[PDB]
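What you see below is based on every heavy atom in this structure, not just the backbone, and it leaves out hydrogens, waters and symmetry mates. Numbering of residues begins at 1 and proceeds along the displayed sequence.
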Amino acid sequence: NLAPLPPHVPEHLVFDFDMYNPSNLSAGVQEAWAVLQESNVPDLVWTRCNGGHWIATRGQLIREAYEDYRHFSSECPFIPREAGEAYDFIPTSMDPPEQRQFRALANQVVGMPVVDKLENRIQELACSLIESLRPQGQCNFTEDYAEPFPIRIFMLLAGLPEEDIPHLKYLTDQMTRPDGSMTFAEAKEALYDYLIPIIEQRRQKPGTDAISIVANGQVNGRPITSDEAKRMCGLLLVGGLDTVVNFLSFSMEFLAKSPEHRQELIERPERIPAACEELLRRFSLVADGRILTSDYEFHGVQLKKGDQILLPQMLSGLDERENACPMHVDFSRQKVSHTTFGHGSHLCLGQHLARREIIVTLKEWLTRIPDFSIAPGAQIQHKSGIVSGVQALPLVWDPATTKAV
Ligand code: 7HE
Ligand SMILES: CC1(C)[C@@H]2CC[C@@]1(C)C(=O)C2
Ligand SMILES: [K+]
């Protein structure tokens, strides 16, 4: 239902958008959120859904809020409030100054040097998975590639057994797109329940995997605590299991639907990195937020201490003020403006790993399976939440149009 309108919010700003089930979802999830950028819609709106909260609807306000951590705090970043309050991942639930000291440690485990360590194996797993599918003439992309490719790279990096994936994937998805069986707090505690013994084991007997590195790490020259390590590792699991996994499906759905765009990349594969950036803009997927630390007037709107404000990345990338014809995918787009990896002091530390997985996937897929389509008659369903995704993506192709490398 709809939470009662707080007295400080005027009626003309009320737009009852539901981030977990947006009314226009059947048009595509990005399209559903873009209803907030129609002609009659102010830059900042109040929804009475999900307990009641603000939504910033334009890149300019989104970027400003991200930059101003004094007024807009990461301490309670997720909607609904109970989820934001429970959320205590590091460094995401912290503001500067305390946040910063934890970035260097996370960078040690998912940053560029690690992407270098994993380079060959990333390449090898993409090729092996795609070659196994190639002669089939069909696949269920979400389960056959989008999930196993990034997830198996992550489990390798984290030194976790692949047999644990179904359990961990289920729990991660309850934090972002809950089925209703578990509250955010329950799902998070279950992920903690998994990590707690593994962290203790690896503090006793360190390995070289990401969990060992975090758990034995130093934070500005002092030892990390067991609790801090757990809160960092929780975030890493969500990053590994529910980010690139969804993004790959949005991208492949688009490419399946656009022979012209496939052809551009088939003919000029050196454009794949630029294509990756334009796809990251167009198929952005995270709805991050903040909590007001004081009463504050922002863009003519009175915000009250404790109000939550959603800062959806879809709305920066799809903002026509920032990107002309924003629903069009243009691989030659000149100035690709987006906040898909965040903005300000919390810029995604996994972004280098993410881009490598995306770029490798596009290159290695189009090399082997240049010509593919959505299964005839299929209707692709999206799902919305803290991270949006694609429920299923049945693809088909003629094996005679494929090439084994
Ligand atoms: C397993 C590592 C990993 C991977 C694969 C990702 N991330 Fe990233 N991320 C993102 C946002 C909006 C923010 C504030 C972060 C912050 C993060 C932070 C916290 C940065 C901070 O709060 O200081 C971490 C550790 C992080 N992200 C690890 C991470 C979005 C993404 C997106 C769109 C992708 C992929 C398409 C992504 N993350 C992959
Ligand atoms: C907001 C994120 C994308 C970032 C990594 C996974 C995620 C949902 C988090 O809890 C932090
Ligand atoms: K919190």
Side-chain angles (χ1 to χ4, degrees), residues 110 114-170 172-173 209-210 237 239-257 261-262 265-266 269 272-273 275-276 279-280 283 285 350 352-375 378 380 387 389-405:
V110 299
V114 163
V115 175
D116 287 356
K117 296 197 88 50
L118 294 169
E119 177 187 337
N120 290 334
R121 275 164 301 185
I122 292 170
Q123 172 72 15
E124 174 189 66
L125 182 61
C127 297
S128 67
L129 287 173
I130 293 166
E131 175 50 30
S132 190
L133 296 172
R134 179 193 57 71
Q136 298 183 174
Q138 60 178 39
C139 68
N140 298 305
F141 188 76
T142 64
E143 77 176 77
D144 295 342
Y145 188 96
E147 291 165 16
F149 171 66
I151 293 176
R152 287 173 58 191
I153 292 168
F154 178 79
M155 298 297 277
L156 169 68
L157 152 168
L160 300 170
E162 285 184 9
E163 68 186 355
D164 290 351
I165 290 162
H167 175 63
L168 293 171
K169 177 56 169 169
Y170 180 80
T172 294
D173 290 2
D209 59 277
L237 274 168
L241 273 50
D242 202 40
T243 59
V244 175
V245 171
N246 299 303
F247 183 75
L248 291 173
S249 292
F250 285 118
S251 290
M252 288 293 293
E253 177 194 1
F254 169 75
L255 289 176
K257 293 175 180 189
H261 285 84
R262 299 197 303 266
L265 300 187
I266 293 164
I272 289 172
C276 169
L279 295 166
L280 283 165
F283 301 109
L285 66 175
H352 311 300
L353 181 55
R355 283 192 184 91
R356 177 63 63 78
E357 285 170 354
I358 294 156
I359 289 163
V360 167
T361 296
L362 296 180
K363 194 178 184 173
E364 301 308 328
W365 189 281
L366 293 170
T367 295
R368 286 163 184 84
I369 312 175
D371 194 353
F372 55 101
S373 305
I374 304 293
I380 304 311
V387 179
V390 174
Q391 302 195 332
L393 181 59
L395 302 182
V396 297
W397 53 95
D398 172 15
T401 64
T402 70
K403 168 231 174 181
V405 168

For [X] versus [Y], what's the shortest heavy-atom pair and its separation?
| X | Y | answer |
| --- | --- | --- |
| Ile130 | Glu364 | CD1-C, 3.8 Å |
| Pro399 | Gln136 | CG-C, 4.4 Å |
| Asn246 | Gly389 | OD1-CA, 3.8 Å |
| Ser249 | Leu393 | O-CD2, 3.5 Å |

[atom1]/[X] to [atom2]/[Y] distance, rounded to the nearest 0.5 angstrom?
| X | Y | atom1 | atom2 | answer |
| --- | --- | --- | --- | --- |
| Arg356 | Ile358 | CZ | CD1 | 12.0 Å |
| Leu241 | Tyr170 | CG | OH | 14.5 Å |
| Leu129 | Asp144 | CG | CG | 9.0 Å |
| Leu366 | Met252 | CG | CE | 7.0 Å |
| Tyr145 | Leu395 | OH | CG | 12.5 Å |
| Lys169 | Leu237 | NZ | CG | 11.5 Å |

>> For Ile153, is there any backbone N or O sitting under 3.5 Å from a side-chain donor or acceptor partner on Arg121?
In response: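 Judged by distance alone, no pair lies under 3.5 Å.
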> Is a donor on one side and an acceptor on the other found under 3.5 Å between the side chain of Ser132 and the backbone of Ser128?
Replying inline: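 Checking the backbone N and O of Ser128 against the side chain of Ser132, no donor-acceptor pair under 3.5 Å is found.
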> Is the closest side-chain heavy-atom distance between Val405 and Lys403 below 4.5 Å?
Replying inline: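 In contact.
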> Could you go step by step and tell me if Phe154 and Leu353 meet the side-chain contact (heavy atoms from CB on, under 4.5 Å) rule?
Replying inline: CA-CA 10 Å; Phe154 178 79; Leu353 181 55; 5.8 Å; no
> Does NZ belonging to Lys117 count more than 12 external heavy atoms closer than 6.0 Å?
Replying inline: no
> With a 4.0 Å cut-off, would you call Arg134 and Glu131 a salt bridge?
Replying inline: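 A salt bridge is present here (some side-chain N lies under 4.0 Å from a carboxylate O).
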> How are the rings of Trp365 and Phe372 set relative to one another: parallel (under 30°), tilted (30 to 60°) or perpendicular (over 60°)?
Replying inline: perpendicular
